[PDB]
Amino acid sequence: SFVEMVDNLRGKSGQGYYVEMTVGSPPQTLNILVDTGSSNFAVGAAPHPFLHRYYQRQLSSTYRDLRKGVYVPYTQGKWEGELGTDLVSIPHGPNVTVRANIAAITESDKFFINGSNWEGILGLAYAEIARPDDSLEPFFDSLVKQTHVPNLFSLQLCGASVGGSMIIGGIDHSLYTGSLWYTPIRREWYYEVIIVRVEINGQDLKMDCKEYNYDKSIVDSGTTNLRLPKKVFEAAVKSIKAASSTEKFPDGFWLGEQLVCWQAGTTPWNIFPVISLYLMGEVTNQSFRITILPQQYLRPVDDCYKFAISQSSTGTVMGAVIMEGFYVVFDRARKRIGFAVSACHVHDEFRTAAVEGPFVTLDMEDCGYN
Ligand SMILES: CCCCNC(=O)[C@H](C)C[C@H](O)[C@H](CC(C)C)NC(=O)[C@H](CCSC)NC(=O)CCC(C)C
């Protein structure tokens, strides 16, 4: 069953996680970034300095041109291309072939990453945010419509080259410990969720919970950092600075520009706090919390690290540094996202990443932004 999909993801730190796919007839093999923050399937289809290979439409007898252009902008990076369809398979996934929409990327700007080893992107979110419009059916919708694959997938992203698993069509219980805790998908466009409380080293940030979700909160395997709205980012950095005031850092460290180093094995993990995000639960007035260790938001790049929490003007993004400690179930069928402690979690000496509940939280619906 699912054992064939365990360990089907690879990556380089800070450069995304990718799965192997084939497109066209005869099959052309490509490494494809797994991106829950978007909804277009697109591949390099022309030479590029950072591409070692690309999709050659003229060599595929099953390619069909849709005679329509497309452009997709991301938080950082963008591409344009030509829409079409072709047959697609996932060698270390389910034994199926689907005809899917594919954008052939012909021009791009700050999209491909030098040395990342991937040549395309698999947008796993919903049609509502697909370009050029929501009539372009995303890959996973095509997969579910054309085969018997159930309407869900799960991601285990493993940190410190990196690896992981994308279980297509189900949940693999060997990939997590403890219980799964579920939060509602607020609206099917991004994987949007509602954060109802934030604590740092056990102290409530004491902000209006609308601030945590201004103007949305999303889960995105294609973003490295935890990205926070301006007011929340400032409160969080103020608290983290205070907890670590024992040591001194450049001010560009807190902006993500400069790295900090310590003698190998002497990193003072103890002076950096844990961060708890409380998420809306499945029953009335109930939440649960996920706890993040500094080993997740200090990304290794002697031992040197970059601060991987940064400021956003488009809402909270729960990126890889959040997802890396957990097994995350995208349960589209039941419109919910599950979190459990990952089997590939990092080890602090006295602290552990956790998923804990239940908690009582009043007036949770008021935390969503309108
Ligand atoms: C069209 C509507 C949907 C748009 N969705 C998005 O823009 C989502 C929120 C972001 C999307 O996941 C892209 C993916 C990237 C590979 C381009 N990520 C980024 O733009 C983020 C922006 C970071 S701002 C410090 N890129 C990274 O974190 C760098 C590492 C990645 C190459 C793995």
# chains A, B, ... in the order shown; residues from 1 in each chain; ligands from 1

call {"tool": "residues_around", "arguments": {"residues": "segment 200-205 of chain A", "least_positions_apart": "3", "cutoff": "7 Å", "atoms": "only C-alpha atoms", "output": "JSON, numbers by chain"}}
result
{"A": [273, 274, 275, 276]}

call {"tool": "residues_near_ligand", "arguments": {"ligand": "ligand 1", "cutoff": "6 Å", "atoms": "only C-alpha atoms and all ligand atoms", "output": "list in words"}}
result
residues 14, 15, 16, 35, 37, 38, 72, 73, 74, 75, 76, 77, 111, 129, 220, 222, 223 and 224 of chain A

call {"tool": "write_last_selection", "arguments": {"atoms": "C-alpha atoms", "output": "compact mmCIF listing (two decimals), in the first residue's frame"}}
result
# COMPACT_ATOMS: atom_id res chain seq x y z
CA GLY A 14 15.75 26.17 2.17
CA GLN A 15 15.21 25.17 -1.48
CA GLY A 16 11.98 23.14 -1.32
CA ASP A 35 3.64 23.32 -3.19
CA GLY A 37 0.45 27.24 -1.43
CA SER A 38 -0.66 27.29 -5.10
CA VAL A 72 1.59 32.92 -12.17
CA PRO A 73 3.03 35.34 -9.57
CA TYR A 74 4.22 34.05 -6.18
CA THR A 75 5.32 35.88 -3.03
CA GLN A 76 8.81 35.68 -4.55
CA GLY A 77 9.26 34.62 -8.14
CA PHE A 111 11.47 31.25 -9.83
CA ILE A 129 -6.65 30.32 -6.87
CA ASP A 220 2.40 26.28 2.54
CA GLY A 222 6.54 25.85 -0.64
CA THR A 223 7.52 28.60 1.81
CA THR A 224 10.63 28.08 3.95

call {"tool": "closest_atom_pairs", "arguments": {"of": "segment 22-133 of chain A", "to": "segment 165-170 of chain A", "cutoff": "12 Å", "atoms": "only C-alpha atoms", "output": "CSV"}}
result
residue,atom,partner,partner_atom,distance
A:33,CA,A:166,CA,11.3
A:34,CA,A:166,CA,8.6
A:35,CA,A:166,CA,11.4
A:36,CA,A:166,CA,11.6
A:90,CA,A:168,CA,9.7
A:91,CA,A:168,CA,11.8
A:92,CA,A:166,CA,9.4
A:93,CA,A:168,CA,6.5
A:94,CA,A:168,CA,7.0
A:95,CA,A:168,CA,10.8
A:96,CA,A:168,CA,11.4
A:124,CA,A:168,CA,11.3

call {"tool": "atom_distance", "arguments": {"atom1": "atom CA of residue 79 of chain A", "atom2": "atom CA of residue 228 of chain A"}}
result
25.3 Å

call {"tool": "residues_around", "arguments": {"residues": "residue 328 of chain A", "least_positions_apart": "6", "cutoff": "12 Å", "atoms": "only C-alpha atoms", "output": "PyMOL selection string"}}
result
chain A and resi 36+152-158+164-167+170-173+175-176+179-183+191+219-221+290+318-320+322+336-343+355

call {"tool": "write_last_selection", "arguments": {"atoms": "N, CA and C atoms", "output": "short mmCIF file (atom, residue, chain, number, x, y, z; two decimals), in the first residue's frame"}}
result
data_model
loop_
_atom_site.label_atom_id
_atom_site.label_comp_id
_atom_site.auth_asym_id
_atom_site.auth_seq_id
_atom_site.Cartn_x
_atom_site.Cartn_y
_atom_site.Cartn_z
N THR A 36 1.86 23.28 -1.50
CA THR A 36 0.47 23.42 -1.08
C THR A 36 0.00 24.88 -1.08
N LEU A 152 -7.44 12.82 -0.49
CA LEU A 152 -6.60 13.35 0.57
C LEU A 152 -5.15 12.96 0.32
N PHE A 153 -4.24 13.72 0.93
CA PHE A 153 -2.82 13.38 0.90
C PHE A 153 -2.19 13.88 2.19
N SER A 154 -0.99 13.40 2.48
CA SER A 154 -0.33 13.82 3.71
C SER A 154 1.15 14.06 3.43
N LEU A 155 1.75 14.98 4.19
CA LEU A 155 3.15 15.37 3.98
C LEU A 155 3.93 15.21 5.27
N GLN A 156 5.04 14.49 5.20
CA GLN A 156 6.02 14.42 6.28
C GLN A 156 7.30 15.04 5.72
N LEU A 157 7.59 16.25 6.14
CA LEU A 157 8.79 16.96 5.72
C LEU A 157 9.83 16.81 6.82
N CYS A 158 11.01 16.31 6.46
CA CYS A 158 12.04 16.05 7.45
C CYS A 158 13.19 17.03 7.26
N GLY A 164 11.68 13.28 2.88
CA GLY A 164 10.34 13.24 3.44
C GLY A 164 9.45 12.31 2.64
N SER A 165 8.15 12.37 2.96
CA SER A 165 7.17 11.51 2.31
C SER A 165 5.93 12.31 1.93
N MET A 166 5.41 12.05 0.73
CA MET A 166 4.09 12.53 0.34
C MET A 166 3.24 11.29 0.11
N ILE A 167 2.31 11.03 1.02
CA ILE A 167 1.43 9.88 0.91
C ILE A 167 0.21 10.33 0.13
N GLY A 170 -3.90 8.87 1.24
CA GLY A 170 -4.16 8.35 2.57
C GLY A 170 -3.17 8.81 3.61
N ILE A 171 -3.19 8.06 4.72
CA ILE A 171 -2.44 8.33 5.94
C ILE A 171 -1.62 7.08 6.24
N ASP A 172 -0.31 7.25 6.49
CA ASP A 172 0.58 6.14 6.84
C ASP A 172 0.93 6.28 8.31
N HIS A 173 0.43 5.36 9.12
CA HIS A 173 0.53 5.51 10.57
C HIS A 173 1.95 5.30 11.07
N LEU A 175 4.36 6.96 10.13
CA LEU A 175 5.05 8.23 10.00
C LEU A 175 4.82 9.19 11.17
N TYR A 176 4.02 8.82 12.17
CA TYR A 176 3.79 9.76 13.27
C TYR A 176 3.59 9.03 14.58
N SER A 179 -1.49 11.31 18.87
CA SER A 179 -2.77 11.49 18.19
C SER A 179 -2.70 12.55 17.09
N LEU A 180 -3.55 12.39 16.08
CA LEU A 180 -3.74 13.43 15.08
C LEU A 180 -4.76 14.43 15.60
N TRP A 181 -4.47 15.72 15.47
CA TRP A 181 -5.41 16.78 15.84
C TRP A 181 -5.78 17.58 14.59
N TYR A 182 -7.08 17.80 14.38
CA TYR A 182 -7.60 18.39 13.15
C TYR A 182 -8.12 19.80 13.35
N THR A 183 -7.84 20.66 12.37
CA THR A 183 -8.35 22.03 12.31
C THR A 183 -9.13 22.21 11.00
N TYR A 191 -5.00 26.48 1.50
CA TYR A 191 -5.33 25.71 2.69
C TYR A 191 -5.35 26.69 3.87
N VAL A 219 -1.31 27.23 5.20
CA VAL A 219 -0.25 26.21 5.32
C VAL A 219 0.41 26.09 3.95
N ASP A 220 1.73 26.27 3.85
CA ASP A 220 2.40 26.28 2.54
C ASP A 220 3.74 25.55 2.59
N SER A 221 3.77 24.32 2.07
CA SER A 221 5.00 23.54 1.99
C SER A 221 6.04 24.19 1.09
N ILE A 290 0.16 23.35 18.61
CA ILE A 290 1.41 22.80 18.11
C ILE A 290 2.54 23.66 18.65
N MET A 318 2.33 29.38 7.37
CA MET A 318 2.95 28.28 8.12
C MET A 318 3.76 27.47 7.12
N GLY A 319 5.04 27.79 7.00
CA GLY A 319 5.92 27.17 6.03
C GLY A 319 6.62 25.94 6.54
N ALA A 320 7.70 25.58 5.84
CA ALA A 320 8.39 24.32 6.13
C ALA A 320 8.91 24.25 7.56
N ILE A 322 7.57 25.25 10.16
CA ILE A 322 6.48 24.74 10.99
C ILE A 322 6.19 23.28 10.65
N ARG A 336 -10.49 19.39 6.34
CA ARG A 336 -9.75 19.58 7.58
C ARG A 336 -8.28 19.25 7.35
N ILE A 337 -7.43 19.79 8.23
CA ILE A 337 -5.99 19.55 8.20
C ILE A 337 -5.59 18.98 9.54
N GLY A 338 -4.89 17.84 9.52
CA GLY A 338 -4.48 17.16 10.73
C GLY A 338 -3.01 17.37 11.02
N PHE A 339 -2.68 17.46 12.31
CA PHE A 339 -1.30 17.60 12.76
C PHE A 339 -0.99 16.51 13.78
N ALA A 340 0.16 15.85 13.62
CA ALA A 340 0.68 14.93 14.63
C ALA A 340 2.19 15.09 14.70
N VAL A 341 2.77 14.70 15.84
CA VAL A 341 4.22 14.72 15.99
C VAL A 341 4.84 13.76 14.98
N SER A 342 5.81 14.26 14.23
CA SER A 342 6.45 13.46 13.19
C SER A 342 7.42 12.43 13.78
N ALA A 343 7.50 11.27 13.12
CA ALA A 343 8.52 10.28 13.43
C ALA A 343 9.94 10.79 13.16
N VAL A 355 2.13 18.20 19.79
CA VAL A 355 0.76 18.52 19.38
C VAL A 355 -0.13 18.07 20.52
#

call {"tool": "closest_atom_pairs", "arguments": {"of": "segment 305-368 of chain A", "to": "segment 184-189 of chain A", "cutoff": "12 Å", "atoms": "only C-alpha atoms", "output": "Markdown table"}}
result
| residue | atom | partner | partner_atom | distance |
| --- | --- | --- | --- | --- |
| A:329 | CA | A:185 | CA | 11.5 |
| A:330 | CA | A:185 | CA | 9.1 |
| A:331 | CA | A:185 | CA | 8.9 |
| A:332 | CA | A:185 | CA | 8.4 |
| A:333 | CA | A:185 | CA | 10.7 |
| A:334 | CA | A:184 | CA | 8.7 |
| A:335 | CA | A:185 | CA | 5.3 |
| A:336 | CA | A:184 | CA | 4.4 |
| A:337 | CA | A:184 | CA | 6.4 |
| A:338 | CA | A:184 | CA | 8.9 |
| A:339 | CA | A:184 | CA | 11.6 |
| A:364 | CA | A:184 | CA | 11.8 |
| A:365 | CA | A:186 | CA | 10.3 |
| A:367 | CA | A:186 | CA | 11.5 |
| A:368 | CA | A:186 | CA | 8.7 |

call {"tool": "select_by_dssp", "arguments": {"residues": "segment 74-173 of chain A", "states": "strand (DSSP E)", "output": "PyMOL selection string"}}
result
chain A and resi 78-89+98-109+120-123+153-158+162-168

call {"tool": "closest_residue", "arguments": {"among": "A:259, A:237, A:362, A:346", "to": "residue 283 of chain A", "atoms": "only C-alpha atoms"}}
result
A:362

call {"tool": "atom_distance", "arguments": {"atom1": "atom CA of residue 210 of chain A", "atom2": "atom CA of residue 280 of chain A"}}
result
12.7 Å

call {"tool": "residues_around", "arguments": {"residues": "residue 218 of chain A", "least_positions_apart": "6", "cutoff": "7 Å", "atoms": "only C-alpha atoms", "output": "mmCIF file with C-alpha atoms, in the first residue's frame"}}
result
data_model
loop_
_atom_site.group_PDB
_atom_site.id
_atom_site.type_symbol
_atom_site.label_atom_id
_atom_site.label_comp_id
_atom_site.auth_asym_id
_atom_site.auth_seq_id
_atom_site.Cartn_x
_atom_site.Cartn_y
_atom_site.Cartn_z
ATOM 1 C CA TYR A 190 -5.491 28.249 -0.108
ATOM 2 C CA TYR A 191 -5.328 25.707 2.695
ATOM 3 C CA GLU A 192 -6.643 28.435 5.024
ATOM 4 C CA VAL A 193 -6.806 27.881 8.794
ATOM 5 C CA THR A 316 0.455 34.245 8.193
ATOM 6 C CA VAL A 317 2.247 31.525 6.234
ATOM 7 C CA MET A 318 2.950 28.284 8.125
#

call {"tool": "residues_around", "arguments": {"residues": "segment 131-146 of chain A", "least_positions_apart": "6", "cutoff": "9 Å", "atoms": "only C-alpha atoms", "output": "VMD selection string"}}
result
chain A and resid 39 to 41 69 to 72 96 to 102 122 to 125 152 169

call {"tool": "write_last_selection", "arguments": {"atoms": "N, CA, C and O atoms", "output": "compact mmCIF listing (two decimals), in the first residue's frame"}}
result
# COMPACT_ATOMS: atom_id res chain seq x y z
N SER A 39 -1.85 26.37 -7.01
CA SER A 39 -2.75 25.42 -7.65
C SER A 39 -2.46 25.16 -9.12
O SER A 39 -3.29 24.53 -9.79
N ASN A 40 -1.32 25.59 -9.65
CA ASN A 40 -0.94 25.32 -11.03
C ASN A 40 0.18 24.28 -11.09
O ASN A 40 1.16 24.37 -10.34
N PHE A 41 0.03 23.32 -11.99
CA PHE A 41 1.10 22.37 -12.32
C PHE A 41 1.89 22.95 -13.49
O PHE A 41 1.32 23.24 -14.54
N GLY A 69 -2.26 31.32 -23.15
CA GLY A 69 -1.13 31.65 -22.30
C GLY A 69 -1.50 31.67 -20.82
O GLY A 69 -2.67 31.61 -20.44
N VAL A 70 -0.47 31.76 -19.97
CA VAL A 70 -0.70 31.78 -18.53
C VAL A 70 0.49 32.43 -17.85
O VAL A 70 1.62 32.38 -18.35
N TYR A 71 0.22 33.08 -16.73
CA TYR A 71 1.21 33.73 -15.89
C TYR A 71 0.84 33.43 -14.44
O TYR A 71 -0.34 33.44 -14.10
N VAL A 72 1.83 33.13 -13.59
CA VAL A 72 1.59 32.92 -12.17
C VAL A 72 2.58 33.73 -11.33
O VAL A 72 3.79 33.54 -11.45
N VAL A 96 -1.04 4.84 -11.37
CA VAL A 96 -2.04 5.43 -12.25
C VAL A 96 -1.38 6.41 -13.21
O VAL A 96 -0.26 6.87 -13.00
N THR A 97 -2.12 6.73 -14.27
CA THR A 97 -1.75 7.76 -15.22
C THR A 97 -2.97 8.64 -15.46
O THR A 97 -4.05 8.12 -15.71
N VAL A 98 -2.79 9.95 -15.35
CA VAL A 98 -3.88 10.89 -15.52
C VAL A 98 -3.50 11.89 -16.61
O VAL A 98 -2.32 12.20 -16.81
N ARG A 99 -4.52 12.38 -17.31
CA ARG A 99 -4.33 13.50 -18.22
C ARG A 99 -4.58 14.78 -17.43
O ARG A 99 -5.68 15.00 -16.91
N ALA A 100 -3.55 15.60 -17.32
CA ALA A 100 -3.60 16.76 -16.45
C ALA A 100 -3.24 18.01 -17.24
O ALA A 100 -2.55 17.94 -18.25
N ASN A 101 -3.72 19.15 -16.76
CA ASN A 101 -3.26 20.44 -17.27
C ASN A 101 -1.80 20.67 -16.89
O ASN A 101 -1.40 20.43 -15.75
N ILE A 102 -1.02 21.18 -17.84
CA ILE A 102 0.39 21.48 -17.60
C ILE A 102 0.70 22.84 -18.21
O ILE A 102 0.38 23.09 -19.38
N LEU A 122 4.22 21.52 -8.42
CA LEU A 122 2.93 20.84 -8.31
C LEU A 122 2.09 21.64 -7.32
O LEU A 122 2.27 21.53 -6.11
N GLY A 123 1.20 22.48 -7.85
CA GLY A 123 0.31 23.24 -6.98
C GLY A 123 -0.81 22.37 -6.45
O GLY A 123 -1.65 21.88 -7.22
N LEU A 124 -0.86 22.16 -5.14
CA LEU A 124 -1.79 21.21 -4.53
C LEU A 124 -3.02 21.86 -3.90
O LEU A 124 -3.84 21.16 -3.30
N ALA A 125 -3.15 23.18 -3.98
CA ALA A 125 -4.30 23.86 -3.40
C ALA A 125 -5.47 23.81 -4.38
O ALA A 125 -5.45 23.08 -5.37
N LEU A 152 -7.44 12.82 -0.49
CA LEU A 152 -6.60 13.35 0.57
C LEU A 152 -5.15 12.96 0.32
O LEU A 152 -4.86 12.01 -0.41
N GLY A 169 -3.27 9.87 -1.30
CA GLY A 169 -4.48 9.09 -1.13
C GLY A 169 -4.72 8.53 0.26
O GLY A 169 -5.68 7.76 0.43

call {"tool": "atom_distance", "arguments": {"atom1": "atom CA of residue 258 of chain A", "atom2": "atom CA of residue 242 of chain A"}}
result
19.0 Å

call {"tool": "select_by_dssp", "arguments": {"residues": "segment 131-330 of chain A", "states": "helix (DSSP H, G or I)", "output": "NGL selection string"}}
result
:A and (139-146 or 173-175 or 209-213 or 230-243 or 269-271 or 294-297 or 320-323)

call {"tool": "residues_around", "arguments": {"residues": "residue 12 of chain A", "least_positions_apart": "4", "cutoff": "8 Å", "atoms": "only C-alpha atoms", "output": "list in words"}}
result
residues 16, 17, 116, 161 and 162 of chain A

call {"tool": "write_last_selection", "arguments": {"atoms": "N, CA and C atoms", "output": "mmCIF file, in the first residue's frame"}}
result
data_model
loop_
_atom_site.group_PDB
_atom_site.id
_atom_site.type_symbol
_atom_site.label_atom_id
_atom_site.label_comp_id
_atom_site.auth_asym_id
_atom_site.auth_seq_id
_atom_site.Cartn_x
_atom_site.Cartn_y
_atom_site.Cartn_z
ATOM 1 N N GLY A 16 13.222 23.817 -1.004
ATOM 2 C CA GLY A 16 11.978 23.142 -1.315
ATOM 3 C C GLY A 16 12.113 21.627 -1.331
ATOM 4 N N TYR A 17 10.969 20.960 -1.218
ATOM 5 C CA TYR A 17 10.894 19.505 -1.268
ATOM 6 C C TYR A 17 10.271 19.094 -2.595
ATOM 7 N N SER A 116 18.787 23.538 -6.889
ATOM 8 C CA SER A 116 17.671 22.993 -6.118
ATOM 9 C C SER A 116 17.339 21.563 -6.512
ATOM 10 N N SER A 161 21.212 18.153 2.645
ATOM 11 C CA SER A 161 20.167 17.366 1.995
ATOM 12 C C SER A 161 19.156 16.860 3.007
ATOM 13 N N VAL A 162 17.884 16.915 2.613
ATOM 14 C CA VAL A 162 16.755 16.557 3.459
ATOM 15 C C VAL A 162 15.847 15.620 2.670
#

call {"tool": "closest_residue", "arguments": {"among": "A:82, A:119, A:303, A:4", "to": "residue 28 of chain A", "atoms": "only C-alpha atoms"}}
result
A:119

call {"tool": "decode", "arguments": {"residues": "segment 313-347 of chain A", "atoms": "N, CA and C atoms", "output": "compact mmCIF listing (two decimals), in the first residue's frame"}}
result
# COMPACT_ATOMS: atom_id res chain seq x y z
N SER A 313 3.00 40.86 4.59
CA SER A 313 1.89 41.79 4.44
C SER A 313 0.67 41.11 3.82
N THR A 314 0.70 39.78 3.69
CA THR A 314 -0.41 39.04 3.09
C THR A 314 -0.88 37.91 4.00
N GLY A 315 -0.70 38.06 5.32
CA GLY A 315 -1.19 37.09 6.29
C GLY A 315 -0.09 36.14 6.75
N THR A 316 -0.47 35.24 7.66
CA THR A 316 0.46 34.25 8.19
C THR A 316 0.68 33.15 7.16
N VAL A 317 1.92 32.70 7.03
CA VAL A 317 2.25 31.52 6.23
C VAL A 317 2.96 30.54 7.14
N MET A 318 2.33 29.38 7.37
CA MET A 318 2.95 28.28 8.12
C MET A 318 3.76 27.47 7.12
N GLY A 319 5.04 27.79 7.00
CA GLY A 319 5.92 27.17 6.03
C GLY A 319 6.62 25.94 6.54
N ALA A 320 7.70 25.58 5.84
CA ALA A 320 8.39 24.32 6.13
C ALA A 320 8.91 24.25 7.56
N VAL A 321 9.40 25.36 8.10
CA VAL A 321 9.92 25.30 9.47
C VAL A 321 8.82 24.93 10.47
N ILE A 322 7.57 25.25 10.16
CA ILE A 322 6.48 24.74 10.99
C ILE A 322 6.19 23.28 10.65
N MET A 323 6.08 22.96 9.36
CA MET A 323 5.66 21.62 8.96
C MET A 323 6.70 20.56 9.30
N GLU A 324 7.99 20.92 9.31
CA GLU A 324 9.07 19.95 9.54
C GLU A 324 8.93 19.21 10.87
N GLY A 325 8.38 19.83 11.89
CA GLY A 325 8.24 19.00 13.07
C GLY A 325 7.06 18.04 13.09
N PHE A 326 6.20 18.04 12.06
CA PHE A 326 4.93 17.34 12.15
C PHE A 326 4.61 16.52 10.90
N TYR A 327 3.69 15.58 11.09
CA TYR A 327 3.02 14.89 10.00
C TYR A 327 1.71 15.64 9.73
N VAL A 328 1.52 16.11 8.50
CA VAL A 328 0.42 17.03 8.20
C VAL A 328 -0.50 16.34 7.19
N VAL A 329 -1.77 16.17 7.56
CA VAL A 329 -2.75 15.48 6.72
C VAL A 329 -3.66 16.52 6.08
N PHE A 330 -3.67 16.58 4.75
CA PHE A 330 -4.54 17.50 4.01
C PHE A 330 -5.79 16.71 3.63
N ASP A 331 -6.77 16.71 4.53
CA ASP A 331 -7.97 15.87 4.39
C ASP A 331 -9.04 16.68 3.65
N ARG A 332 -8.85 16.76 2.33
CA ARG A 332 -9.77 17.52 1.49
C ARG A 332 -11.18 16.96 1.57
N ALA A 333 -11.31 15.63 1.68
CA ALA A 333 -12.63 15.01 1.71
C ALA A 333 -13.46 15.52 2.87
N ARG A 334 -12.83 15.72 4.02
CA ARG A 334 -13.54 16.16 5.22
C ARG A 334 -13.19 17.60 5.58
N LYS A 335 -12.58 18.34 4.66
CA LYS A 335 -12.32 19.77 4.80
C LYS A 335 -11.60 20.09 6.10
N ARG A 336 -10.49 19.39 6.34
CA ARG A 336 -9.75 19.58 7.58
C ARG A 336 -8.28 19.25 7.35
N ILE A 337 -7.43 19.79 8.23
CA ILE A 337 -5.99 19.55 8.20
C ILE A 337 -5.59 18.98 9.54
N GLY A 338 -4.89 17.84 9.52
CA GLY A 338 -4.48 17.16 10.73
C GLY A 338 -3.01 17.37 11.02
N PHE A 339 -2.68 17.46 12.31
CA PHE A 339 -1.30 17.60 12.76
C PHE A 339 -0.99 16.51 13.78
N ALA A 340 0.16 15.85 13.62
CA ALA A 340 0.68 14.93 14.63
C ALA A 340 2.19 15.09 14.70
N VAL A 341 2.77 14.70 15.84
CA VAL A 341 4.22 14.72 15.99
C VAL A 341 4.84 13.76 14.98
N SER A 342 5.81 14.26 14.23
CA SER A 342 6.45 13.46 13.19
C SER A 342 7.42 12.43 13.78
N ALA A 343 7.50 11.27 13.12
CA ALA A 343 8.52 10.28 13.43
C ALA A 343 9.94 10.79 13.16
N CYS A 344 10.10 11.81 12.31
CA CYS A 344 11.41 12.36 12.01
C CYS A 344 11.56 13.73 12.66
N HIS A 345 11.28 13.82 13.95
CA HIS A 345 11.41 15.07 14.68
C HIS A 345 12.83 15.27 15.17
N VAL A 346 13.20 16.54 15.37
CA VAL A 346 14.52 16.92 15.84
C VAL A 346 14.56 16.83 17.36
N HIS A 347 15.75 16.61 17.91
CA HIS A 347 15.93 16.36 19.34
C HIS A 347 16.54 17.57 20.03
